[PDB]
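In the deposited numbering, the protein residues as written are -2 to 154, 160 to 432.
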DNA sequence: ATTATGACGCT
DNA sequence: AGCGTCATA
Ligand SMILES: [Mn+2]
Ligand SMILES: [Mn+2]
Ligand SMILES: [Mn+2]
């Protein structure tokens, strides 16, 4: 009774950009605006690989990881923007810099956790308490929530979609008790008001639109965010969880999209998140381990405790390139040339990072893939990173991998390399 | 022959 | 440490 924890202590939001790289290119090139559009890397192999798709183009069935030539079969008028190439490789700097624009705006409202190049979590608990004390028991007007959906509403005793959003919002606000400054539903609502303000600032100041989710933890906020994309935000209350989860495939929850989620389904013979509630914590721990078991037990009830980490900057800076099919590197001079190309991009990004962020990387990780190996990475080795010098870094990288060559004579490289990776890690203040 | 990343868990 | 898992454009 009075003692069951309900995972309602925090207000957490996740803000995620809409079709992010496409918006970055559409801002730069107005001819791409309001069009079926995609962003592609490379060109020669099957038109290049698509990595971002406008919502107009999704309507034709265009997706990420589609070759452009195949996307064009679905959408003949599809417009394309190409990722920059520098030093023989795709260079993502434009999108990393656009990301910083957005992250710096979000940071004006709260400490954020950068979770990808286009999204961040926000713990709004404190900001909500202050807006509530300002409010002075003042009801929250629907006009303060112009792009908010309330998940699960409307319900009970118009065929438009905006009409439905407003009906749900009205039912939600009508049920609220604004008299209680400790009420979780009220706290989420005020959180949503703040996130409207945040999203308006992002669009005003960058031209980019985004979606958001507001809930009591990161997993629910992430799930919420996707429910009404694009250019909308969604509030998932604690009370909405049993209905939401009763038909929610397990794989849709963050961390459960891979082998663990598949094992949950197979071992327990279930399909939906809600079905997990019928197992004891010990049962779940027995199948999935102590940590996963406790996490699942709480998660299926809408409860999760992972903190929003105060980290706005990536903690690693890496450069990677695949060499697929017949382009695999087979000579020493080839390997050394590409290690240098990667190291030069790495130096450029590291030197900028040092100036911007007052830190220095201290470890260099070198990774390669060899032909035949299914695994992402075949080998991973570290060495010291003592100077931001591309020639030193590439020479050092070569030194750490040079023994991988099964060749008898030194000039050939075998088995051929299908991936090179350089990553700077272990930052210290400077 | 999607690729280019980036965080965190295990032992 | 090195490997594996899961994730995002
Ligand atoms: Mn996005
Ligand atoms: Mn995202
Ligand atoms: Mn995506």
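For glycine and all other residues, C-beta sits at the position ideal for the given N, C-alpha and C.
Under a 10 Å Cβ-count criterion, residue 218 is classified as buried, with 16 or more other Cβ atoms of the shown protein chains found around its own Cβ. Note on the stretch 225 to 272: whole beta strand (DSSP E) runs with a minimum of 3 residues are 235 to 237, in chain order. At a cut-off of 7 Å, the beta-carbon of residue 115 counts as near ligand 2: some heavy atom of the ligand is closer than that. By the C-beta density criterion, residue 94 is exposed, having fewer than 16 other C-beta atoms within 10 angstroms. Separation of residue 108 and residue 418 (C-alpha to C-alpha, rounded to the nearest whole angstrom) is 46 Å. Every unbroken stretch of the beta strand (DSSP E) spanning 3 or more residues and falling wholly within the stretch 336 to 416 is given here in chain order: 361 to 372, 381 to 386.
DSSP places residue 294 in the helix class (H, G or I) of the three-state scheme. Secondary structure of residue 418 (DSSP, three-state): strand. Contiguous alpha helix (DSSP H) elements confined to the stretch 33 to 77 occur at 52 to 55, 65 to 71, taking only those with 4 or more residues. In this structure, residue 166 has its CB at a distance of at least 7 Å from all heavy atoms of ligand 1. DSSP, read as helix, strand or coil, puts residue 181 in coil.
Residue environment: residue 28 is assigned as exposed (fewer than 16 neighbouring CB atoms within 10 Å of its CB, all protein chains considered). Counting C-beta pairs closer than 8 Å gives three or more between the stretch 36 to 49 and the stretch 57 to 76, which meets the contact rule.
Not one heavy atom of ligand 1 sits closer than 7 Å to the Cβ of residue 18.
Closest option to residue 274, judged by alpha-carbon separation, among 40, 252, 391, 222: 252.
Residue 129 places its beta carbon 8 Å or farther from that of residue 178. In the DSSP annotation of this structure, the continuous segment of the alpha helix (DSSP H) that includes residue 206 starts and ends at 186 to 208.
Annotated three-state conformation of residue 300 is helix, per DSSP.
In terms of CA proximity to residue 374, 330 leads the group 330, 140, 136.
The three-state secondary structure of residue 102, taken from DSSP, is helix. Taking C-beta atoms as the reference points, residue 412 and residue 386 fail to come closer than 8 Å.
Here the C-alpha atom of residue 256 lies approximately 43 Å from the C-alpha atom of residue 335. Contact annotation: the stretch 313 to 322 does not touch the stretch 120 to 129, with fewer than three C-beta pairs closer than 8 Å. Taking 8 Å as the cut-off, the beta carbon of residue 196 is found no closer than this to the beta carbon of residue 188.
Residue pairing by DSSP places residue 14 opposite 212 in a beta bridge.
At the C-beta level, residue 371 and residue 421 come within 8 Å of one another. Ligand 2 has no heavy atom closer than 7 Å to the beta-carbon of residue 67. Between residue 313 and residue 12 a beta carbon distance of about 15 Å is seen, past the 8 Å cut, so the two are scored as non-contacting. In the three-state reduction of the DSSP assignment, residue 311 falls in the coil class. Relative to ligand 2, the beta carbon of residue 15 is positioned no closer than 7 Å to any heavy atom.
Within the same chain, 218, 219, 240, 300, 303, 304, 305, 306, 307 come within 8 Å of residue 4 by CB-CB distance, once the 5 residues on both sides are set aside.
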